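Enquirer: Encoded as structure tokens, here's the structure I'll be asking about.
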Amino acid sequence: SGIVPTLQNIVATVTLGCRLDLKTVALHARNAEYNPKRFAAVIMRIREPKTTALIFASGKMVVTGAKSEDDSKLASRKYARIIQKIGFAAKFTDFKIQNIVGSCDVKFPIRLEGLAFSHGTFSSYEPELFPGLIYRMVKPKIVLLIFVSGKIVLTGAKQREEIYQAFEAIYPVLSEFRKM
DNA sequence: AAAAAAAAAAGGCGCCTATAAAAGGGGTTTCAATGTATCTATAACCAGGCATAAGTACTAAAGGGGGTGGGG
């Protein structure tokens, strides 16, 4: 294909192994918002790497927004370090990436309804609901959002390799339905 | 002809849909079986009204004997 999808977002979970007083975290950490009435967790953001963590009373958290596996682990470590610095027996445990999202640009337009009619068992296209075509790939198990513009969204991957393999697999069919 | 107010219309801003994966708590809202006062059909209750059977007293009858008084 000659193109390599760009990783745009990585979601990871981390068990800090120790109960937390969310009310206290929200009070001593900067850039933290806590509104239990709507979500039972403290939302905290940091600038390097630019990410957002969801911290729970159970001591477990979700780190989002990271653009690489390293930034994800690194950011996760900083959040844990803050929880500690606040006064908890937090530890960096069970780090695990749960989802990777990537995007592409094949540069050419795509006749989506032709692609949907051709691959009916994998794609759901109804512009009324959503402008992009939803392609549910089997191997690897990656969901793609194909747009008329040639823009491609790939998600559902746990290894960055799946995004790459998903894109290579779809390129031929994308090319086949190129508007030209 | 002119100024004036009222109206429709535009452009811009913001947020929504479908995509994605994954760690603990507390909220309101709807629905479960199990019961008072009142309902239903039943069962059972009194007093009042008409017909049949049992007991009543009543009048009803006929049959005779005995004793006393009067007459011959």
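Ligands are numbered from 1 in the order shown, chains are lettered A, B, ... in the order of the structure tokens, and residues start at 1 in each chain.
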Taking only residues of chain A that have an atom at most 8 Å from an atom of chain B, what is each one's shortest atom pair and its distance in Å to one decimal, using only C-alpha atoms (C1' of nucleotides), in chain and number order, as JSON lines?

Expert:
{"residue": "A:11", "atom": "CA", "partner": "B:21", "partner_atom": "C1'", "distance": 6.7}
{"residue": "A:12", "atom": "CA", "partner": "B:22", "partner_atom": "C1'", "distance": 7.5}
{"residue": "A:13", "atom": "CA", "partner": "B:22", "partner_atom": "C1'", "distance": 6.6}
{"residue": "A:14", "atom": "CA", "partner": "B:23", "partner_atom": "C1'", "distance": 7.8}
{"residue": "A:15", "atom": "CA", "partner": "B:23", "partner_atom": "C1'", "distance": 7.6}
{"residue": "A:37", "atom": "CA", "partner": "B:27", "partner_atom": "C1'", "distance": 7.7}
{"residue": "A:40", "atom": "CA", "partner": "B:25", "partner_atom": "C1'", "distance": 6.2}
{"residue": "A:41", "atom": "CA", "partner": "B:24", "partner_atom": "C1'", "distance": 8.0}
{"residue": "A:55", "atom": "CA", "partner": "B:23", "partner_atom": "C1'", "distance": 7.9}
{"residue": "A:56", "atom": "CA", "partner": "B:24", "partner_atom": "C1'", "distance": 5.8}
{"residue": "A:57", "atom": "CA", "partner": "B:24", "partner_atom": "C1'", "distance": 5.8}
{"residue": "A:58", "atom": "CA", "partner": "B:24", "partner_atom": "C1'", "distance": 5.3}
{"residue": "A:59", "atom": "CA", "partner": "B:23", "partner_atom": "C1'", "distance": 7.9}
{"residue": "A:60", "atom": "CA", "partner": "B:23", "partner_atom": "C1'", "distance": 4.7}
{"residue": "A:61", "atom": "CA", "partner": "B:23", "partner_atom": "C1'", "distance": 5.3}
{"residue": "A:62", "atom": "CA", "partner": "B:23", "partner_atom": "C1'", "distance": 6.6}
{"residue": "A:98", "atom": "CA", "partner": "B:21", "partner_atom": "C1'", "distance": 5.0}
{"residue": "A:99", "atom": "CA", "partner": "B:21", "partner_atom": "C1'", "distance": 4.7}
{"residue": "A:100", "atom": "CA", "partner": "B:20", "partner_atom": "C1'", "distance": 7.7}
{"residue": "A:101", "atom": "CA", "partner": "B:20", "partner_atom": "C1'", "distance": 6.7}
{"residue": "A:129", "atom": "CA", "partner": "B:17", "partner_atom": "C1'", "distance": 6.1}
{"residue": "A:130", "atom": "CA", "partner": "B:18", "partner_atom": "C1'", "distance": 5.8}
{"residue": "A:143", "atom": "CA", "partner": "B:19", "partner_atom": "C1'", "distance": 7.4}
{"residue": "A:144", "atom": "CA", "partner": "B:19", "partner_atom": "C1'", "distance": 7.8}
{"residue": "A:145", "atom": "CA", "partner": "B:19", "partner_atom": "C1'", "distance": 7.1}
{"residue": "A:155", "atom": "CA", "partner": "B:20", "partner_atom": "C1'", "distance": 5.1}
{"residue": "A:156", "atom": "CA", "partner": "B:20", "partner_atom": "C1'", "distance": 5.5}

Enquirer: DSSP on the backbone, alpha helix (DSSP H) only: what residues of segment 53-141 of chain A does that give? Format it as a list in words.

Expert: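 Answer for segment 53-141 of chain A restricted to alpha helix (DSSP H) is residues 69, 70, 71, 72, 73, 74, 75, 76, 77, 78, 79, 80, 81, 82, 83, 84, 85, 86, 112, 113, 114, 115, 116, 117 and 118 of chain A.
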
Enquirer: Write the residues of the selection above to a file with N, CA and C atoms, as a short mmCIF file (atom, residue, chain, number, x, y, z; two decimals), in the first residue's frame.

Expert:
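Writing the result to selection_25.cif gives the following:
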data_model
loop_
_atom_site.label_atom_id
_atom_site.label_comp_id
_atom_site.auth_asym_id
_atom_site.auth_seq_id
_atom_site.Cartn_x
_atom_site.Cartn_y
_atom_site.Cartn_z
N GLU A 69 2.90 3.08 22.92
CA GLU A 69 2.90 2.16 24.04
C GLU A 69 3.76 2.71 25.17
N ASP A 70 4.89 3.31 24.82
CA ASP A 70 5.81 3.88 25.80
C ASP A 70 5.20 5.07 26.55
N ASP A 71 4.54 5.98 25.83
CA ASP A 71 3.91 7.14 26.44
C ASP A 71 2.81 6.69 27.39
N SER A 72 2.14 5.60 27.05
CA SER A 72 1.06 5.07 27.86
C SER A 72 1.58 4.54 29.19
N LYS A 73 2.64 3.75 29.14
CA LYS A 73 3.24 3.19 30.35
C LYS A 73 3.82 4.35 31.17
N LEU A 74 4.52 5.25 30.48
CA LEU A 74 5.14 6.40 31.13
C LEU A 74 4.13 7.29 31.82
N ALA A 75 3.04 7.62 31.13
CA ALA A 75 2.00 8.46 31.71
C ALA A 75 1.40 7.73 32.93
N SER A 76 1.13 6.44 32.76
CA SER A 76 0.56 5.64 33.84
C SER A 76 1.42 5.73 35.09
N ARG A 77 2.74 5.71 34.89
CA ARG A 77 3.66 5.78 36.00
C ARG A 77 3.60 7.12 36.72
N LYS A 78 3.37 8.19 35.97
CA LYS A 78 3.29 9.53 36.55
C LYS A 78 2.05 9.69 37.41
N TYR A 79 0.93 9.15 36.95
CA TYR A 79 -0.31 9.23 37.70
C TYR A 79 -0.15 8.49 39.01
N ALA A 80 0.42 7.29 38.94
CA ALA A 80 0.64 6.48 40.14
C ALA A 80 1.54 7.25 41.08
N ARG A 81 2.55 7.90 40.53
CA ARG A 81 3.50 8.66 41.31
C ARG A 81 2.82 9.82 42.02
N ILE A 82 1.78 10.39 41.40
CA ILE A 82 1.08 11.50 42.02
C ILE A 82 0.24 11.00 43.18
N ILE A 83 -0.46 9.89 42.95
CA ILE A 83 -1.30 9.29 43.98
C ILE A 83 -0.43 9.01 45.20
N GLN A 84 0.78 8.51 44.97
CA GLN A 84 1.70 8.22 46.06
C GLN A 84 2.08 9.53 46.75
N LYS A 85 2.59 10.47 45.96
CA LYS A 85 3.02 11.77 46.45
C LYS A 85 1.93 12.46 47.26
N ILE A 86 0.68 12.04 47.07
CA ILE A 86 -0.43 12.61 47.82
C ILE A 86 -0.54 11.92 49.17
N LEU A 112 -18.52 4.45 -1.16
CA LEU A 112 -18.93 3.62 -0.03
C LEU A 112 -20.09 2.63 -0.26
N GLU A 113 -21.17 3.07 -0.90
CA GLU A 113 -22.31 2.18 -1.12
C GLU A 113 -21.97 0.99 -2.00
N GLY A 114 -20.95 1.14 -2.83
CA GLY A 114 -20.56 0.03 -3.67
C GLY A 114 -19.79 -0.95 -2.81
N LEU A 115 -19.00 -0.42 -1.87
CA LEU A 115 -18.20 -1.25 -0.98
C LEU A 115 -19.10 -2.00 0.00
N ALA A 116 -20.16 -1.33 0.44
CA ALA A 116 -21.10 -1.93 1.38
C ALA A 116 -21.88 -3.05 0.71
N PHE A 117 -22.39 -2.79 -0.50
CA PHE A 117 -23.15 -3.82 -1.22
C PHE A 117 -22.29 -5.03 -1.55
N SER A 118 -21.00 -4.80 -1.78
CA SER A 118 -20.06 -5.86 -2.12
C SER A 118 -19.71 -6.73 -0.90
#

Enquirer: Just list as a VMD selection string whatever in segment 45-158 of chain A DSSP marks as strand (DSSP E).

Expert: chain A and resid 45 to 47 50 to 56 60 to 66 93 to 105 123 to 126 130 to 136 143 to 146 151 to 157

Enquirer: Go ahead and save the residues from that selection, with N, CA and C atoms, as a compact mmCIF listing (two decimals), in the first residue's frame.

Expert:
# COMPACT_ATOMS: atom_id res chain seq x y z
N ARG A 45 -5.64 14.97 34.41
CA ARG A 45 -4.86 15.09 33.18
C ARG A 45 -3.45 15.58 33.45
N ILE A 46 -2.52 15.19 32.59
CA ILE A 46 -1.15 15.66 32.71
C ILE A 46 -0.75 16.10 31.30
N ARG A 47 0.31 16.89 31.21
CA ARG A 47 0.78 17.39 29.93
C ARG A 47 1.85 16.55 29.24
N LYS A 50 0.79 14.01 27.11
CA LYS A 50 -0.58 14.51 27.11
C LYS A 50 -1.59 13.38 27.17
N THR A 51 -2.12 13.13 28.36
CA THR A 51 -3.09 12.06 28.58
C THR A 51 -4.14 12.43 29.64
N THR A 52 -5.10 11.54 29.86
CA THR A 52 -6.15 11.75 30.85
C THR A 52 -6.37 10.44 31.59
N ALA A 53 -6.32 10.47 32.92
CA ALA A 53 -6.53 9.26 33.70
C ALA A 53 -7.86 9.26 34.46
N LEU A 54 -8.47 8.09 34.56
CA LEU A 54 -9.71 7.93 35.30
C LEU A 54 -9.26 7.12 36.52
N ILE A 55 -9.29 7.73 37.70
CA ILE A 55 -8.87 7.06 38.91
C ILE A 55 -10.06 6.65 39.78
N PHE A 56 -10.10 5.38 40.19
CA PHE A 56 -11.20 4.89 41.00
C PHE A 56 -10.89 4.69 42.48
N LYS A 60 -7.80 1.33 41.08
CA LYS A 60 -7.56 1.01 39.68
C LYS A 60 -7.81 2.23 38.81
N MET A 61 -7.07 2.35 37.72
CA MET A 61 -7.28 3.47 36.81
C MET A 61 -7.15 3.14 35.33
N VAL A 62 -7.65 4.06 34.51
CA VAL A 62 -7.63 3.93 33.06
C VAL A 62 -6.89 5.15 32.53
N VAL A 63 -5.90 4.93 31.69
CA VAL A 63 -5.15 6.04 31.11
C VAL A 63 -5.47 6.08 29.62
N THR A 64 -5.89 7.25 29.15
CA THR A 64 -6.29 7.45 27.77
C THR A 64 -5.56 8.61 27.09
N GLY A 65 -5.60 8.62 25.77
CA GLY A 65 -4.98 9.70 25.02
C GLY A 65 -3.55 9.48 24.58
N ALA A 66 -2.90 8.46 25.12
CA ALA A 66 -1.51 8.20 24.75
C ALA A 66 -1.42 7.78 23.29
N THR A 93 1.07 -1.46 39.03
CA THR A 93 0.81 -2.88 38.81
C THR A 93 -0.02 -3.14 37.56
N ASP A 94 -0.13 -4.41 37.22
CA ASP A 94 -0.90 -4.90 36.07
C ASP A 94 -1.08 -3.99 34.85
N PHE A 95 -0.05 -3.24 34.47
CA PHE A 95 -0.20 -2.38 33.28
C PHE A 95 -0.61 -3.21 32.06
N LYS A 96 -1.64 -2.76 31.34
CA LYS A 96 -2.13 -3.50 30.17
C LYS A 96 -2.86 -2.60 29.18
N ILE A 97 -2.43 -2.60 27.92
CA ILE A 97 -3.10 -1.79 26.89
C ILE A 97 -4.38 -2.53 26.51
N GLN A 98 -5.50 -1.82 26.50
CA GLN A 98 -6.79 -2.42 26.18
C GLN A 98 -7.35 -2.05 24.82
N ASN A 99 -6.85 -0.96 24.24
CA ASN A 99 -7.34 -0.54 22.93
C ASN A 99 -6.41 0.45 22.25
N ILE A 100 -6.22 0.26 20.94
CA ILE A 100 -5.39 1.15 20.15
C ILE A 100 -6.19 1.58 18.93
N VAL A 101 -6.19 2.88 18.67
CA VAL A 101 -6.91 3.47 17.55
C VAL A 101 -5.90 4.11 16.62
N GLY A 102 -6.10 3.96 15.32
CA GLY A 102 -5.21 4.55 14.34
C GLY A 102 -5.99 5.11 13.17
N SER A 103 -5.41 6.07 12.44
CA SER A 103 -6.09 6.66 11.29
C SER A 103 -5.18 6.70 10.07
N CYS A 104 -5.80 6.80 8.89
CA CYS A 104 -5.08 6.83 7.62
C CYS A 104 -5.72 7.79 6.68
N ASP A 105 -5.08 7.91 5.54
CA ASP A 105 -5.55 8.75 4.47
C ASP A 105 -4.98 8.08 3.22
N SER A 123 -19.77 -4.92 6.38
CA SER A 123 -20.00 -3.49 6.46
C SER A 123 -21.45 -3.06 6.65
N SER A 124 -21.62 -2.02 7.46
CA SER A 124 -22.92 -1.43 7.73
C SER A 124 -22.80 0.04 7.33
N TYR A 125 -23.54 0.44 6.31
CA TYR A 125 -23.50 1.81 5.83
C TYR A 125 -24.89 2.39 5.69
N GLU A 126 -25.13 3.48 6.40
CA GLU A 126 -26.40 4.17 6.38
C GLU A 126 -26.10 5.59 6.78
N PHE A 130 -24.80 7.62 10.33
CA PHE A 130 -23.42 8.06 10.37
C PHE A 130 -22.84 8.06 8.96
N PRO A 131 -22.17 9.15 8.58
CA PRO A 131 -21.56 9.32 7.26
C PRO A 131 -20.52 8.27 6.84
N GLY A 132 -19.84 7.67 7.80
CA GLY A 132 -18.83 6.68 7.46
C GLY A 132 -19.34 5.25 7.42
N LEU A 133 -18.63 4.39 6.71
CA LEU A 133 -19.02 3.00 6.60
C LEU A 133 -18.29 2.20 7.69
N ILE A 134 -19.03 1.35 8.40
CA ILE A 134 -18.45 0.55 9.48
C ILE A 134 -18.10 -0.84 9.00
N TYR A 135 -16.81 -1.10 8.88
CA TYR A 135 -16.37 -2.40 8.41
C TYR A 135 -15.84 -3.21 9.59
N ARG A 136 -16.49 -4.33 9.88
CA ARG A 136 -16.07 -5.20 10.97
C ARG A 136 -15.23 -6.37 10.47
N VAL A 143 -12.20 -2.93 13.86
CA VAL A 143 -13.32 -2.24 13.27
C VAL A 143 -12.76 -1.03 12.54
N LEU A 144 -13.21 -0.84 11.30
CA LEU A 144 -12.76 0.29 10.50
C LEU A 144 -13.92 1.22 10.21
N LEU A 145 -13.63 2.50 10.10
CA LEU A 145 -14.63 3.50 9.78
C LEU A 145 -14.09 4.07 8.49
N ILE A 146 -14.73 3.74 7.37
CA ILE A 146 -14.31 4.19 6.05
C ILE A 146 -15.15 5.37 5.57
N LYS A 151 -10.29 8.89 4.17
CA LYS A 151 -9.85 8.86 5.56
C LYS A 151 -10.28 7.54 6.17
N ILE A 152 -9.36 6.89 6.89
CA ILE A 152 -9.65 5.61 7.51
C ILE A 152 -9.39 5.59 9.00
N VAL A 153 -10.33 5.05 9.78
CA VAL A 153 -10.17 4.92 11.22
C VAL A 153 -10.16 3.43 11.55
N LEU A 154 -9.15 3.01 12.30
CA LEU A 154 -9.03 1.61 12.68
C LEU A 154 -8.96 1.52 14.19
N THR A 155 -9.82 0.70 14.79
CA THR A 155 -9.83 0.56 16.24
C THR A 155 -10.17 -0.86 16.69
N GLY A 156 -9.93 -1.14 17.96
CA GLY A 156 -10.22 -2.45 18.51
C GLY A 156 -8.99 -3.32 18.67
N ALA A 157 -7.84 -2.77 18.32
CA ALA A 157 -6.57 -3.49 18.40
C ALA A 157 -5.94 -3.45 19.77
